[PDB]
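Read through the structure below, which is laid out as structure tokens, and then see the notes.
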Amino acid sequence: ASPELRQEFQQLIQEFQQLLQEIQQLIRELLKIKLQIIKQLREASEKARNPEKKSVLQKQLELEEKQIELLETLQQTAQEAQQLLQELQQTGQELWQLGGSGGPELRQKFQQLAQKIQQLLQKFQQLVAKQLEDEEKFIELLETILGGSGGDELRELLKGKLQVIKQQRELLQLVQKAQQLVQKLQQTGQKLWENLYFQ
Ligand SMILES: [K+]
């Protein structure tokens, strides 16, 4: 490896490390607003005089607790990715330290780690995409029961849900950026082990 290739690899590891930190911070912010919204849903549900409005709010309250638990799963997934990323860094380091003394075992380990990270991010994207769909569905339902009795708290609940959706789309974009970095690391990886094919 040239200094330029080592630096290219190290820059991608650092960018990805910073991205996973940004993802963990955004999940923490999502958990905070979503727990605040659970309390708003419970309050609105307790106050609701119209049985059809109580019914809608109560059944969404049950789904909300499940969505909170999924976000905590995403925190653990992001942590596992951070651990795999350090192991990928160590495998990259093996490639430039050993250079021509490297063997296929280095490439195999590197590709196994990069594929595990890719699989974690694909699972991550699917779970965020699904939660986003469920948020969009609840908003379409919530819109039908605005005004009349509960009007004020239901409008505040809708404003909250619209902010939640903005943050979940922001989180999807970060996971999509992470999948770009996996491909760049695989491209830089190939440059690190390429010489081993032609000895
Ligand atoms: K060799």
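A note on labels: chains of the structure tokens are A, B, ... as shown, every chain counts residues from 1, and ligands are counted from 1 in their shown order.
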Discussion item. Set the distance at 12 Å and use only C-alpha atoms: which residues neighbour residue 181 (chain A) once local chain neighbours fewer than 4 positions away are removed? I'd like the list as a PyMOL selection string.
Written reply: chain A and resi 8-20+85+114+117-118+121+174-177+185-189
Discussion item. Report as a VMD selection string all protein, DNA and RNA residues lying within 12 Å of region 37-43 of chain A, evaluated on only C-alpha atoms, omitting residues in the same chain fewer than 4 positions from it.
Written reply: chain A and resid 30 to 33 47 to 48 53 to 68 135 138 142 150 152 to 164
Practice prompt. Give the residues close to ligand 1, within 9 Å, counting only C-alpha atoms and all ligand atoms; write them as a ChimeraX atom specification.
Written response: /A:98-104,195-197,199
Next, dump the selected residues to file, keeping only N, CA and C atoms, as a PDB file, in the first residue's frame.
```pdb
ATOM      1  N   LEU A  98       1.598  -6.238   6.107  1.00  0.00           N
ATOM      2  CA  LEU A  98       2.149  -7.505   5.560  1.00  0.00           C
ATOM      3  C   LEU A  98       2.489  -7.333   4.078  1.00  0.00           C
ATOM      4  N   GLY A  99       1.769  -6.453   3.376  1.00  0.00           N
ATOM      5  CA  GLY A  99       1.940  -6.222   1.930  1.00  0.00           C
ATOM      6  C   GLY A  99       2.028  -7.543   1.192  1.00  0.00           C
ATOM      7  N   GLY A 100       3.122  -7.759   0.454  1.00  0.00           N
ATOM      8  CA  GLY A 100       3.354  -8.955  -0.379  1.00  0.00           C
ATOM      9  C   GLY A 100       3.410 -10.244   0.426  1.00  0.00           C
ATOM     10  N   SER A 101       3.521 -10.168   1.757  1.00  0.00           N
ATOM     11  CA  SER A 101       3.554 -11.357   2.649  1.00  0.00           C
ATOM     12  C   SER A 101       2.136 -11.779   3.054  1.00  0.00           C
ATOM     13  N   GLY A 102       1.115 -11.001   2.683  1.00  0.00           N
ATOM     14  CA  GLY A 102      -0.300 -11.326   2.947  1.00  0.00           C
ATOM     15  C   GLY A 102      -0.736 -12.568   2.191  1.00  0.00           C
ATOM     16  N   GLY A 103      -1.808 -13.216   2.653  1.00  0.00           N
ATOM     17  CA  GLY A 103      -2.436 -14.376   1.995  1.00  0.00           C
ATOM     18  C   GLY A 103      -3.932 -14.152   1.803  1.00  0.00           C
ATOM     19  N   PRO A 104      -4.638 -15.083   1.120  1.00  0.00           N
ATOM     20  CA  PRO A 104      -6.061 -14.915   0.823  1.00  0.00           C
ATOM     21  C   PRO A 104      -6.930 -14.781   2.083  1.00  0.00           C
ATOM     22  N   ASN A 195      -2.796  -6.777  -5.378  1.00  0.00           N
ATOM     23  CA  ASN A 195      -1.403  -7.177  -5.719  1.00  0.00           C
ATOM     24  C   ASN A 195      -1.176  -8.662  -5.406  1.00  0.00           C
ATOM     25  N   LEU A 196      -1.895  -9.219  -4.422  1.00  0.00           N
ATOM     26  CA  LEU A 196      -1.719 -10.625  -3.955  1.00  0.00           C
ATOM     27  C   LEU A 196      -2.108 -11.613  -5.064  1.00  0.00           C
ATOM     28  N   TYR A 197      -3.029 -11.237  -5.958  1.00  0.00           N
ATOM     29  CA  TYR A 197      -3.497 -12.090  -7.086  1.00  0.00           C
ATOM     30  C   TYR A 197      -2.363 -12.326  -8.092  1.00  0.00           C
ATOM     31  N   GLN A 199       1.155 -12.098  -7.879  1.00  0.00           N
ATOM     32  CA  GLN A 199       2.522 -12.466  -7.415  1.00  0.00           C
ATOM     33  C   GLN A 199       2.944 -13.781  -8.078  1.00  0.00           C
TER      34      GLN A 199
END
```
Discussion item. Need to verify the contact set: residue 23 (chain A), 10 Å, only C-alpha atoms, exclusion of same-chain residues closer than 5 positions in sequence. Can you return it as a ChimeraX atom specification?
Written reply: /A:17-18,28-29,74-75,78,170-175,178
Fill in: Separation of CA of residue 184 (chain A) from CA of residue 26 (chain A) in Å
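Answer for the CA of residue 26 (chain A) to CA of residue 184 (chain A) separation: 23.5 Å.
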Worksheet item: In Å, with one decimal, what is the gap from CA of residue 119 (chain A) to CA of residue 137 (chain A)?
Response: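 Atom-to-atom, CA of residue 119 (chain A) and CA of residue 137 (chain A) are spaced 27.3 Å apart.
By only C-alpha atoms, and with residues fewer than 6 positions from residue 95 (chain A) along its chain excluded, the set lying at most 7 Å from it is residues 102, 106, 192 and 193 of chain A.
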Worksheet item: From the set A:77, A:91, A:168, A:36, which residue has the shortest atom-to-atom contact distance to residue 105 (chain A), counting only C-alpha atoms?
Response: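 Going through A:77, A:91, A:168, A:36 one by one, the smallest distance to residue 105 (chain A) is for A:91.
Across the structure, CA of residue 147 (chain A) and CA of residue 133 (chain A) are spaced 24.3 Å apart.
Restricting the calculation to only C-alpha atoms, the smallest distance between residue 165 (chain A) and any of A:136, A:80, A:52, A:69 is found for A:136.
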